[PDB]
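*Asks:* Below is the structure I would like to discuss, written out as structure tokens.
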Amino acid sequence: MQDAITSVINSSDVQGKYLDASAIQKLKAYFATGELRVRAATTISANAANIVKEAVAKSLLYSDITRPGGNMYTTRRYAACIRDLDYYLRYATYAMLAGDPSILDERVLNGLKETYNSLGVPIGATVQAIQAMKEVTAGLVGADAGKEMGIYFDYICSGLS
Amino acid sequence: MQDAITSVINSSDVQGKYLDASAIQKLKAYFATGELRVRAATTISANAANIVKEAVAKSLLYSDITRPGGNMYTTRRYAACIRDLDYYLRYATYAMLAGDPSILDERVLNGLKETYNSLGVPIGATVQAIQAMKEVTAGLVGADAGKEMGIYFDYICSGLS
Amino acid sequence: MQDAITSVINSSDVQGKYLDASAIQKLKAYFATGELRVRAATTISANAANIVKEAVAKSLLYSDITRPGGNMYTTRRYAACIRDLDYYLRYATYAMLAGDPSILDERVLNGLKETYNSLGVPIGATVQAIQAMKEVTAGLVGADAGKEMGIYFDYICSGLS
Amino acid sequence: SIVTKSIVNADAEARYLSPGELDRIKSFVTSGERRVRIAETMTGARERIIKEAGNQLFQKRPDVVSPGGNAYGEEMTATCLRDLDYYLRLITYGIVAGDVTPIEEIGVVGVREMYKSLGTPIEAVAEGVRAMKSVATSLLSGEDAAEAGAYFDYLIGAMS
Amino acid sequence: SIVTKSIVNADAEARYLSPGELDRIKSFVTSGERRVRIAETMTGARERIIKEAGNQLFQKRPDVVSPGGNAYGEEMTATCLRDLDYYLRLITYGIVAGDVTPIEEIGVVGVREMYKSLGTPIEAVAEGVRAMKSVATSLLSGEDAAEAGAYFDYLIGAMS
Amino acid sequence: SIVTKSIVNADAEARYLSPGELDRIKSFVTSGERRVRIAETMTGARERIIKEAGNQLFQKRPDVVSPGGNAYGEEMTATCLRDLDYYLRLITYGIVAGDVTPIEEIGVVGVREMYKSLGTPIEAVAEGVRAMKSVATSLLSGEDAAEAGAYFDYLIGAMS
Amino acid sequence: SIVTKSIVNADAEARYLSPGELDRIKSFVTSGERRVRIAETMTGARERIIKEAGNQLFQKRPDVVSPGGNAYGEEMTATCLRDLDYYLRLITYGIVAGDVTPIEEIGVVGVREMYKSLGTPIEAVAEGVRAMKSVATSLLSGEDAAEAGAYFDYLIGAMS
Amino acid sequence: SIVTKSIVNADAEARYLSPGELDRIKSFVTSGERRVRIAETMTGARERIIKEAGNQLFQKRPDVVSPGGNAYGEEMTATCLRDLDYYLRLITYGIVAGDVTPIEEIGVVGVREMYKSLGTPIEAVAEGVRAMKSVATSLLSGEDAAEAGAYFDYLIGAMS
Amino acid sequence: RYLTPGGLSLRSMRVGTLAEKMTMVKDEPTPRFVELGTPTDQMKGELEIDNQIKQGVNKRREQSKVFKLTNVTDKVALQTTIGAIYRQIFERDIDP
Ligand SMILES: *[C@H](C)[C@H]1/C(=C/c2[nH]c(/C=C3N=C(/C=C4\NC(=O)C(CC)=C4C)C(C)=C\3CCC(=O)O)c(CCC(=O)O)c2C)NC(=O)[C@@H]1C
Ligand SMILES: *[C@H](C)[C@H]1/C(=C/c2[nH]c(/C=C3N=C(/C=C4\NC(=O)C(CC)=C4C)C(C)=C\3CCC(=O)O)c(CCC(=O)O)c2C)NC(=O)[C@@H]1C
Ligand SMILES: CCC1=C(C)/C(=C/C2=NC(=C\c3[nH]c(/C=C4\NC(=O)[C@H](C)[C@H]4CC)c(C)c3CCC(=O)O)/C(CCC(=O)O)=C2C)NC1=O
Ligand SMILES: CCC1=C(C)/C(=C/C2=NC(=C\c3[nH]c(/C=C4\NC(=O)[C@H](C)[C@H]4CC)c(C)c3CCC(=O)O)/C(CCC(=O)O)=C2C)NC1=O
Ligand SMILES: CCC1=C(C)/C(=C/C2=NC(=C\c3[nH]c(/C=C4\NC(=O)[C@H](C)[C@H]4CC)c(C)c3CCC(=O)O)/C(CCC(=O)O)=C2C)NC1=O
Ligand SMILES: CCC1=C(C)/C(=C/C2=NC(=C\c3[nH]c(/C=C4\NC(=O)[C@H](C)[C@H]4CC)c(C)c3CCC(=O)O)/C(CCC(=O)O)=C2C)NC1=O
Ligand SMILES: CCC1=C(C)/C(=C/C2=NC(=C\c3[nH]c(/C=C4\NC(=O)[C@H](C)[C@H]4CC)c(C)c3CCC(=O)O)/C(CCC(=O)O)=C2C)NC1=O
Ligand SMILES: CCC1=C(C)/C(=C/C2=NC(=C\c3[nH]c(/C=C4\NC(=O)[C@H](C)[C@H]4CC)c(C)c3CCC(=O)O)/C(CCC(=O)O)=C2C)NC1=O
């Protein structure tokens with residue numbers, strides 16, 4: 001629903017005004033980052049299955065959670081946890097290409113705290129995995145897009161915890 | 001509750017870094033305008049009962065809202081409405097002298113929207129009185145302070161609506 | 001031999017590290033002035049018989065170094081002296097274009113102070129010639145690029161003296 | 001914004017954005033400042049647009065100002081130009097967005113009921129947007145006015 | 001800061017702040033340029049304080065870095081210089097804010113329960129900031145070292 | 001670099017620079033703002049590359065790490081992964097020069113005579129680099145594939 | 001095709017075409033000549049890419065033509081390189097259709113059962129198209145390695 | 001041409017052409033039409049750029065018109081226009097090739113041994129062609145007078 | 001093709017041309033107390049405030065003064081405590 005171009009539109013809409021001078025340069029600030037967000041989103045989409053498989057090995061394996069009793073023990077749950085982590089990556093590349101972090105509250109963090117509390121998912125192990133994921137995808141996109149990617153993980157990461 | 005000094009010290013604290021020159025030129029920017037801030041507090045505190053009274057005289061009374069059927073008809077609701085407008089004037093000076101709108105976000109804009117729905121007071125007539133107030137201070141505190149003073153008045157209008 | 005990119009590689013090669021964020025701004029300061037130096041060389045070469053003309057006109061002509069009791073006097077020694085002044089200008093074009101004075105220290109400053117005592121030509125007139133060449137050049141090219149050309153002029157004058 | 005509906009089309013099939021859509025993003029962005037000066041002519045001449053569009057509104061359908069209708073009288077005709085002001089603000093958003101979804105989220109998805117519950121016939125409204133079509137495209141060079149004309153005509157097709 | 005500490009002092013009594021308190025703000029900001037000059041030379045000499053005040057600490061008290069002590073090993077000596085480096089960051093924070101309150105709200109609420117649990121002696125960590133005081137005042141001039149030294153003395157005063 | 005051999009080609013004729021190669025210097029320095037962006041991506045994922053280029057090498061030629069081979073041992077691979085780690089340092093030097101002479105002066109010239117002496121096979125270290133080429137071009141997009149793979153090509157064709 | 005991706009989405013919501021979708025078709029038409037000529041040099045190099053692809057397959061994965069594999073004997077490998085020709089048969093209109101979906105009809109929706117039903121390993125033919133990946137884009141221009149290599153990512157990721 | 005300078009730059013080291021060098025050729029093709037627009041502005045405005053700038057040379061150097069010098073009023077100053085017209089013809093040969101060598105091989109290689117045998121000051125030709133290209137840069141634009149500016153200044157530095 | 005070894009000292013032992021001959025800079029790294037102090041996250045934007053005011057003691061319980069009554073024969077110190085009783089028991093102003 002809420003984009004970045006729509007954000008300066010909808011703030012201008014409820015005033016009933018038009019595109020003012022401050023509303024244009026903020027809108028042109030999104031275009032100046034336009035080559036960065038497109039080129040980084042091609043890089044993550046080409047390396048989706050490798051940025052996931054490093055992030056689970058960096059934080060989650062060889063612990064209590066991959067042993068019996070842990071929440072990623074069985075082959076249902078460890079195959080679920082890759083998919084349940086891969087939605088955090090794919091929607092974060094939506095929020096970079098949108099340029100606004102409000103796509104996460106519409107479609108990721110809505111009932112997510114109510115699920116994992118009812119499921120017995122360790123939220124603090126999830127937020128450790130996304131925090132390990134945020135470092136390794138900063139090395140694949142460079143330091144310019146690494147700040148813009150690094151914001152939108154920690155909008156997910158504070159919605160969990 | 002922050003400051004221009006505190007929200008740069010603590011913002012550099014939680015990064016773990018020392019005082020950058022970009023943080024230092026923000027710190028000296030507040031230090032240049034300090035005689036503007038301390039003189040603006042004294043003028044607003046002088047005629048604070050007077051600076052409310054023109055702002056009600058343009059926007060609210062001799063209308064339907066003083067007439068019965070309006071919200072602030074009775075004398076309890078009229079004397080509360082001056083007091084509920086006094087907080088918007090007084091905490092804006094605390095928002096001015098700190099150089100940060102975090103006074104408003106912690107102890108003015110916490111639950112202000114739900115209280116106004118629960119009481120039947122119109123939000124739109126209140127914020128229209130604030131725009132009556134944000135011009136009458138600018139013709140009274142001076143030119144340079146009133147451009148700075150109205151910005152924290154607009155932080156109320158960005159939150160109330 | 002080496003230039004501003006090869007040296008900052010060779011400064012970061014012998015440490016064994018990669019190109020850090022402490023050496024990329026050595027390249028980024030070079031690449032920002034990359035378009036400035038190439039316009040500086042293309043006005044040197046178009047005026048290269050006039051920079052050497054106006055340099056000797058303030059120091060050596062009508063003096064008594066070109067008297068018959070003088071070093072310059074025979075026209076074999078004149079046309080060498082313009083050419084020995086040609087090779088100070090043309091390599092000063094190179095080091096400004098390279099951004100590093102290493103080409104000066106290999107070929108111009110090879111044994112030049114020890115040739116001149118072995119020949120008998122004066123050194124104290126030569127520093128007066130190149131410092132007369134410096135004030136002609138910075139007026140012709142521009143006060144930006146005349147500053148960086150003035151370093152590589154005086155680097156020869158540091159080596160002669 | 002085109003970056004809104006190119007996400008929700010990729011979110012509908014649980015997919016990443018295809019590189020056949022990534023060049024639609026990038027060529028929108030680098031040509032995005034072209035869309036700014038198109039929209040600056042709209043807000044720069046909004047009083048010009050609203051004056052010489054409503055006159056021919058009462059020439060192709062001259063009976064809306066007649067009595068027995070909605071827009072008879074000075075206050076009641078002023079709600080038409082109040083509603084004419086509310087249209088071209090969205091098409092100013094529609095030029096800049098690249099997609100028509102600010103016009104979808106604000107000003108079309110209830111017009112089919114909210115006007116016959118107010119008393120304004122859509123066939124008179126659909127003339128009033130196309131009366132603006134003859135003057136808003138005329139206030140811009142026809143290369144840039146061709147794609148500028150390619151947004152509010154969707155609203156007339158969503159009225160008719 | 002003194003601006004934060006005087007707003008909330010005036011917020012509980014719920015009136016505009018007095019000119020006796022406003023003049024203390026005016027003396028704070030007019031001396032604001034000098035206190036950044038105290039801090040910005042300490043941050044530029046950040047590495048050449050902690051390496052020497054650490055080496056003055058272990059020479060003065062050797063049982064800490066000795067084996068069997070807490071800070072034995074190249075890792076444990078390194079993390080027991082960050083425990084000194086963290087206080088030099090807060091002292092430069094307290095110099096900018098003018099008061100000791102960004103140290104009191106950060107550094108020294110529960111040190112006697114922190115280092116009792118971690119095993120380091122609290123008497124020895126108060127010796128290191130005394131070595132930090134004797135290093136940093138030597139790197140500052142004659143007049144300005146007295147106002148910087150009071151915030152060094154409060155840190156030793158909180159641990160002892 | 002381009003600039004350090006456009007000097008030498010112009011110095012040995014004792015001429016000034018022709019304006020044809022002054023285009024070549026001027027197009028090089030405005031390409032400097034994007035070539036270092038390739039090198040920051042390459043050094044950011046060196047441990048993702050070197051671990052993967054080892055496992056793509058040792059599956060292909062398993063005789064060198066099986067005993068009886070030269071890289072047999074726990075630490076002898078750790079030098080031989082380091083001996084392949086050096087070519088990732090030089091290719092990032094060759095990326096930011098736009099050239100191949102920092103590959104040449106550092107990692108080409110006597111590379112036949114080292115591995116003849118140490119005993120490792122000269123093609124077996126070359127097959128790691130094309131295994132390193134397949135992962136490092138998979139790190140980047142399409143327009144950085146040929147600009148990085150050209151310097152990868154020159155190190156393969158020199159050693160083999 | 002890209003027109004199919006729009007006019008079944010607008011068919012579902014019983015609507016016309018949004019002009020944000022219509023400029024995706026307009027940018028497709030202008031980029032048709034850049035897209036068709038990639039397939040023209042793919043059709044010229046039809047009998048080129050397949051030859052080393054088996055040589056990239058069988059030198060890394062030799063188990064199929066070893067005794068104990070499905071592609072054993074010269075009759076079976078002549079059909080196996082013919083089956084890799086079928087995937088290149090599929091690819092050269094993927095850079096005509098603009099996106100995946102004719103590959104999605106004819107290539108990937110039965111491949112996980114049929115190659116399993118024909119006794120072949122599914123990873124080996126998934127290896128055979130990603131070994132084809134390096135020797136196809138390098139055989140064409142440097143900018144269009146992202147274009148022609150885009151539909152190779154669908155063929156890799158569906159089988160593997 | 002810039003194609004022709006590129007091959008002999010690669011043939012001296014016996015090499016195929018670098019893909020960074022083909023970027024200079026591919027940029028030359030897409031900017032090939034712009035240089036033809038540069039050249040027609042010179043040939044169209046030839047009769048105002050020659051009689052003016054030669055008169056600027058005669059105002060800067062009035063030695064030329066006076067008897068005893070090289071020129072004289074009836075045709076010798078007229079034939080110093082056509083000996084100046086040849087170089088403007090050679091610049092237009094040079095800018096459509098993107099290369100220096102159409103200025104070189106027709107009008108540089110033996111000019112000193114020519115004009116000593118002809119009895120003109122070669123430096124006055126260089127000051128005359130400096131007066132020619134001072135007004136040529138102000139003719140067309142400020143953008144196109146820079147990369148055509150790089151071929152103007154070479155002939156100044158060829159006479160002396 | 002060749003050059004005398006005394007002549008190579010004339011060519012390459014200068015100040016500018018020495019970094020390509022032997023080691024010259026030898027960069028000491030970041031000391032280990034500095035790299036233990038970074039939060040392994042060198043950049044952060046909006047989530048600065050997420051770690052700032054949003055730590056769990058809502059810095060309203062350490063930022064608020066209390067009122068004593070040691071000064072019963074003082075008069076202006078009495079008056080701001082009586083208002084503090086009014087603004088904590090009824091916790092609005094009792095003026096309207
Ligand atoms: C006056 C311009 C408008 C108006 C106002 C009106 N407001 C109130 C009541 C309240 N306002 C507040 C708000 C705050 N109290 C605080 O301490 C702070 C922070 C400093 C804020 C922002 C509260 C808490 C109340 C009332 C709750 C209570 O009384 O317990 C009223 C009284 C409503 C009533 O029914 O008593 C009125 C009338 N009304 C108008 O018509 C004007 C538009
Ligand atoms: C070769 C790289 C791999 C391999 C190939 C192999 N295939 C067959 C026989 C068939 N393969 C297919 C598969 C397709 N046919 C198609 O037209 C398409 C595109 C639409 C596909 C994916 C089919 C239908 C056959 C049957 C014969 C036919 O082509 O119609 C064999 C022969 C097996 C046999 O029992 O005869 C072989 C060896 N096998 C491998 O090991 C490689 C991984
Ligand atoms: C860049 C590499 C390079 C260097 C270093 C170089 C140096 C150089 N300068 C020289 C001579 C000379 N140098 C001068 C000096 C001057 N002219 C004057 O009249 C002034 C007094 C003074 C400078 C202001 C003179 C007069 C000679 C000729 C000496 C002679 O012929 O006796 C000579 C002796 C050559 C000869 O005389 O046959 C050499 C080698 N040539 C080169 O290519
Ligand atoms: C952007 C989203 C949006 C829409 C859709 C909208 C419609 C809208 N049109 C209205 C009135 C009106 N609308 C018209 C319509 C017209 N005038 C004519 O003559 C023509 C036939 C026709 C349009 C070309 C008229 C005459 C009124 C006044 C009706 C009345 O007062 O009863 C009103 C009530 C008065 C008001 O504007 O406050 C609304 C809410 N307002 C909005 O903010
Ligand atoms: C900014 C506020 C702040 C403080 C005060 C702080 C203290 C602090 N010191 C620690 C460790 C430590 N601190 C020391 C320090 C010392 N050992 C000695 O004996 C000397 C007396 C002394 C230094 C002069 C040592 C050795 C450890 C490691 C404890 C251990 O490994 O047993 C730890 C646990 C590991 C770590 O995070 O570093 C904390 C949290 N951290 C903070 O963020
Ligand atoms: C940047 C220029 C540069 C090069 C070329 C270089 C090569 C290099 N490789 C070495 C060793 C080695 N290199 C290998 C490498 C391999 N073994 C294999 O089977 C594989 C084919 C291959 C790598 C994938 C092995 C096993 C040794 C140890 C040799 C021994 O100890 O006998 C050593 C000796 C160890 C040392 O001095 O640190 C050097 C100097 N060093 C450099 O600084
Ligand atoms: C494109 C390569 C090219 C060049 C450059 C060229 C030059 C050229 N310049 C010439 C003459 C001349 N050029 C001049 C020029 C000058 N005298 C002055 O006072 C001025 C300083 C100066 C020029 C501004 C004069 C006076 C003559 C005639 C000389 C004579 O007739 O004795 C002539 C002899 C007559 C003719 O055929 O025009 C040639 C061939 N020919 C070529 O093929
Ligand atoms: C007896 C039942 C009971 C419990 C358990 C309890 C806990 C409790 N922990 C608190 C704060 C806290 N609790 C923690 C503890 C932690 N944070 C971490 O990161 C670690 C995972 C963890 C400890 C190892 C911290 C750090 C605060 C400080 C809040 C602040 O930042 O201001 C607070 C608020 C202030 C305080 O009283 O300290 C309560 C009330 N209260 C109770 O009535």
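Identifiers in the structure tokens: chain A, B, ... in order shown; residue index from 1 per chain; ligand index from 1 in order shown.
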Which residues come within 10 Å of residue 124 in chain G, counting only C-alpha atoms, excluding same-chain residues fewer than 5 positions away, as a list in words?
*Replies:*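 Final neighbour list, sorted by chain and number: residues 57, 58, 60, 61, 62, 63, 64, 129, 130, 159 and 160 of chain G.
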*Asks:* Show me, as a VMD selection string, every residue of chain A with an atom at most 8 Å from chain I, counting only C-alpha atoms.
*Replies:* chain A and resid 135 147 150 to 151 154 to 155 158
*Asks:* Report as a Markdown table the residues of chain B within 8 Å of ligand 1, each with its shortest atom pair and distance in Å (one decimal), using only C-alpha atoms and all ligand atoms, ordered by chain and increasing residue number.
*Replies:*
```
| residue | atom | partner | partner_atom_place_in_ligand_line | distance |
| --- | --- | --- | --- | --- |
| B:56 | CA | ligand 1 | 2 (C) | 7.8 |
| B:60 | CA | ligand 1 | 43 (C) | 7.3 |
| B:65 | CA | ligand 1 | 41 (O) | 6.5 |
| B:70 | CA | ligand 1 | 41 (O) | 7.0 |
| B:71 | CA | ligand 1 | 41 (O) | 4.5 |
| B:72 | CA | ligand 1 | 41 (O) | 4.1 |
| B:73 | CA | ligand 1 | 41 (O) | 7.7 |
| B:76 | CA | ligand 1 | 36 (O) | 6.7 |
| B:77 | CA | ligand 1 | 38 (C) | 3.9 |
| B:78 | CA | ligand 1 | 38 (C) | 5.9 |
| B:79 | CA | ligand 1 | 38 (C) | 7.6 |
| B:80 | CA | ligand 1 | 31 (C) | 5.0 |
| B:81 | CA | ligand 1 | 1 (C) | 3.5 |
| B:82 | CA | ligand 1 | 1 (C) | 5.9 |
| B:83 | CA | ligand 1 | 7 (N) | 7.5 |
| B:84 | CA | ligand 1 | 11 (N) | 4.7 |
| B:85 | CA | ligand 1 | 2 (C) | 5.1 |
| B:87 | CA | ligand 1 | 20 (C) | 5.0 |
| B:88 | CA | ligand 1 | 22 (C) | 6.9 |
| B:91 | CA | ligand 1 | 20 (C) | 6.9 |
| B:107 | CA | ligand 1 | 19 (C) | 5.7 |
| B:108 | CA | ligand 1 | 19 (C) | 4.4 |
| B:109 | CA | ligand 1 | 22 (C) | 6.7 |
| B:112 | CA | ligand 1 | 22 (C) | 5.8 |
| B:115 | CA | ligand 1 | 24 (C) | 6.9 |
| B:116 | CA | ligand 1 | 11 (N) | 7.5 |
| B:119 | CA | ligand 1 | 35 (O) | 5.6 |
| B:120 | CA | ligand 1 | 35 (O) | 7.5 |
| B:121 | CA | ligand 1 | 39 (N) | 5.0 |
| B:122 | CA | ligand 1 | 43 (C) | 5.8 |
| B:123 | CA | ligand 1 | 43 (C) | 6.8 |
| B:124 | CA | ligand 1 | 43 (C) | 7.6 |
| B:125 | CA | ligand 1 | 43 (C) | 4.8 |
| B:126 | CA | ligand 1 | 43 (C) | 4.2 |
| B:127 | CA | ligand 1 | 43 (C) | 8.0 |
| B:129 | CA | ligand 1 | 2 (C) | 6.5 |
```
*Asks:* Keeping only N, CA and C atoms, take the residues you just selected and write them out as an mmCIF file, in the first residue's frame.
*Replies:*
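Now in again-v2.cif:
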```cif
data_model
loop_
_atom_site.group_PDB
_atom_site.id
_atom_site.type_symbol
_atom_site.label_atom_id
_atom_site.label_comp_id
_atom_site.auth_asym_id
_atom_site.auth_seq_id
_atom_site.Cartn_x
_atom_site.Cartn_y
_atom_site.Cartn_z
ATOM 1 N N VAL B 56 -7.411 32.290 20.370
ATOM 2 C CA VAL B 56 -8.799 31.890 20.488
ATOM 3 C C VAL B 56 -9.682 32.908 19.768
ATOM 4 N N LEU B 60 -11.875 30.415 17.320
ATOM 5 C CA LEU B 60 -12.871 29.619 18.024
ATOM 6 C C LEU B 60 -14.161 30.365 18.334
ATOM 7 N N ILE B 65 -19.338 26.995 18.248
ATOM 8 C CA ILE B 65 -18.751 26.164 19.290
ATOM 9 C C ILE B 65 -18.894 26.800 20.674
ATOM 10 N N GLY B 70 -22.213 23.140 20.608
ATOM 11 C CA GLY B 70 -20.784 23.048 20.453
ATOM 12 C C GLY B 70 -20.156 22.231 21.558
ATOM 13 N N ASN B 71 -18.854 21.999 21.413
ATOM 14 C CA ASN B 71 -18.162 21.175 22.390
ATOM 15 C C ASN B 71 -17.835 21.960 23.647
ATOM 16 N N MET B 72 -17.301 23.171 23.498
ATOM 17 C CA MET B 72 -16.808 23.942 24.637
ATOM 18 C C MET B 72 -17.833 24.953 25.134
ATOM 19 N N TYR B 73 -19.102 24.544 25.155
ATOM 20 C CA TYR B 73 -20.190 25.428 25.558
ATOM 21 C C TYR B 73 -20.132 25.750 27.045
ATOM 22 N N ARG B 76 -16.992 24.604 32.422
ATOM 23 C CA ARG B 76 -15.994 23.568 32.659
ATOM 24 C C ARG B 76 -15.242 23.258 31.382
ATOM 25 N N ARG B 77 -15.975 23.072 30.294
ATOM 26 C CA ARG B 77 -15.341 22.769 29.026
ATOM 27 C C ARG B 77 -14.721 23.995 28.386
ATOM 28 N N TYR B 78 -15.124 25.197 28.783
ATOM 29 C CA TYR B 78 -14.406 26.334 28.238
ATOM 30 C C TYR B 78 -13.098 26.566 28.975
ATOM 31 N N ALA B 79 -13.091 26.387 30.295
ATOM 32 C CA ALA B 79 -11.860 26.606 31.047
ATOM 33 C C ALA B 79 -10.875 25.470 30.854
ATOM 34 N N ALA B 80 -11.364 24.278 30.522
ATOM 35 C CA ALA B 80 -10.452 23.192 30.205
ATOM 36 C C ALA B 80 -9.804 23.402 28.856
ATOM 37 N N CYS B 81 -10.532 24.016 27.920
ATOM 38 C CA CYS B 81 -10.032 24.203 26.565
ATOM 39 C C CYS B 81 -8.917 25.232 26.513
ATOM 40 N N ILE B 82 -8.928 26.201 27.426
ATOM 41 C CA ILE B 82 -7.796 27.109 27.547
ATOM 42 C C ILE B 82 -6.603 26.378 28.141
ATOM 43 N N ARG B 83 -6.857 25.508 29.117
ATOM 44 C CA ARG B 83 -5.788 24.746 29.749
ATOM 45 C C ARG B 83 -5.249 23.680 28.810
ATOM 46 N N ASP B 84 -6.120 23.068 28.012
ATOM 47 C CA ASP B 84 -5.669 22.070 27.055
ATOM 48 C C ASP B 84 -4.949 22.712 25.880
ATOM 49 N N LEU B 85 -5.169 24.003 25.641
ATOM 50 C CA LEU B 85 -4.391 24.762 24.675
ATOM 51 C C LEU B 85 -3.139 25.357 25.292
ATOM 52 N N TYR B 87 -1.116 23.743 27.256
ATOM 53 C CA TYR B 87 -0.097 22.712 27.145
ATOM 54 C C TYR B 87 0.518 22.673 25.758
ATOM 55 N N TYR B 88 -0.259 23.004 24.728
ATOM 56 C CA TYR B 88 0.294 23.035 23.383
ATOM 57 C C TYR B 88 1.205 24.230 23.191
ATOM 58 N N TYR B 91 4.510 23.373 26.069
ATOM 59 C CA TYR B 91 5.417 22.297 25.700
ATOM 60 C C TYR B 91 6.086 22.536 24.361
ATOM 61 N N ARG B 107 5.610 12.899 26.096
ATOM 62 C CA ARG B 107 4.617 13.279 27.087
ATOM 63 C C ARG B 107 3.566 14.251 26.571
ATOM 64 N N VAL B 108 3.469 14.467 25.257
ATOM 65 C CA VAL B 108 2.319 15.128 24.651
ATOM 66 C C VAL B 108 1.606 14.207 23.668
ATOM 67 N N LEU B 109 2.354 13.587 22.764
ATOM 68 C CA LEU B 109 1.760 12.774 21.709
ATOM 69 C C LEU B 109 1.792 11.289 22.030
ATOM 70 N N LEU B 112 -2.743 11.038 22.738
ATOM 71 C CA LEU B 112 -3.537 12.238 22.532
ATOM 72 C C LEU B 112 -4.664 12.026 21.535
ATOM 73 N N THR B 115 -7.689 9.999 23.275
ATOM 74 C CA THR B 115 -8.389 10.813 24.264
ATOM 75 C C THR B 115 -9.363 11.776 23.617
ATOM 76 N N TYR B 116 -9.033 12.265 22.432
ATOM 77 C CA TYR B 116 -9.891 13.253 21.805
ATOM 78 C C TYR B 116 -11.080 12.597 21.122
ATOM 79 N N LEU B 119 -13.536 11.869 24.114
ATOM 80 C CA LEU B 119 -14.164 12.996 24.783
ATOM 81 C C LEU B 119 -15.160 13.736 23.914
ATOM 82 N N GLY B 120 -15.130 13.525 22.607
ATOM 83 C CA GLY B 120 -16.006 14.241 21.713
ATOM 84 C C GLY B 120 -15.497 15.592 21.266
ATOM 85 N N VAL B 121 -14.309 15.989 21.694
ATOM 86 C CA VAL B 121 -13.707 17.233 21.206
ATOM 87 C C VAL B 121 -13.266 17.044 19.756
ATOM 88 N N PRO B 122 -13.572 17.979 18.855
ATOM 89 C CA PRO B 122 -13.074 17.864 17.480
ATOM 90 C C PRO B 122 -11.575 18.108 17.425
ATOM 91 N N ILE B 123 -10.876 17.222 16.719
ATOM 92 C CA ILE B 123 -9.449 17.406 16.499
ATOM 93 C C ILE B 123 -9.215 18.569 15.548
ATOM 94 N N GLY B 124 -10.078 18.696 14.534
ATOM 95 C CA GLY B 124 -9.845 19.641 13.456
ATOM 96 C C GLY B 124 -10.032 21.085 13.857
ATOM 97 N N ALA B 125 -10.868 21.342 14.858
ATOM 98 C CA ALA B 125 -10.976 22.699 15.369
ATOM 99 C C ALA B 125 -9.829 23.029 16.307
ATOM 100 N N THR B 126 -9.259 22.013 16.954
ATOM 101 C CA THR B 126 -8.129 22.230 17.847
ATOM 102 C C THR B 126 -6.880 22.591 17.061
ATOM 103 N N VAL B 127 -6.603 21.839 15.993
ATOM 104 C CA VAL B 127 -5.406 22.074 15.197
ATOM 105 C C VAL B 127 -5.553 23.352 14.372
ATOM 106 N N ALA B 129 -6.962 26.003 15.657
ATOM 107 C CA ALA B 129 -6.560 27.015 16.620
ATOM 108 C C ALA B 129 -5.054 27.067 16.798
#
```
*Asks:* As a VMD selection string, which residues of range 5-148 of chain G does DSSP assign to alpha helix (DSSP H)?
*Replies:* chain G and resid 5 to 7 9 to 12 19 to 30 33 to 44 46 to 58 74 to 91 94 to 97 101 to 106 111 to 117 122 to 137 145 to 148
*Asks:* Could you give me the residues within 8 Å of ligand 2, counting only C-alpha atoms and all ligand atoms, as an MDAnalysis selection string?
*Replies:* chainID G and resid 54 57 64:65 69:72 76:84 86:87 90 106:108 111 114:115 118:126 128
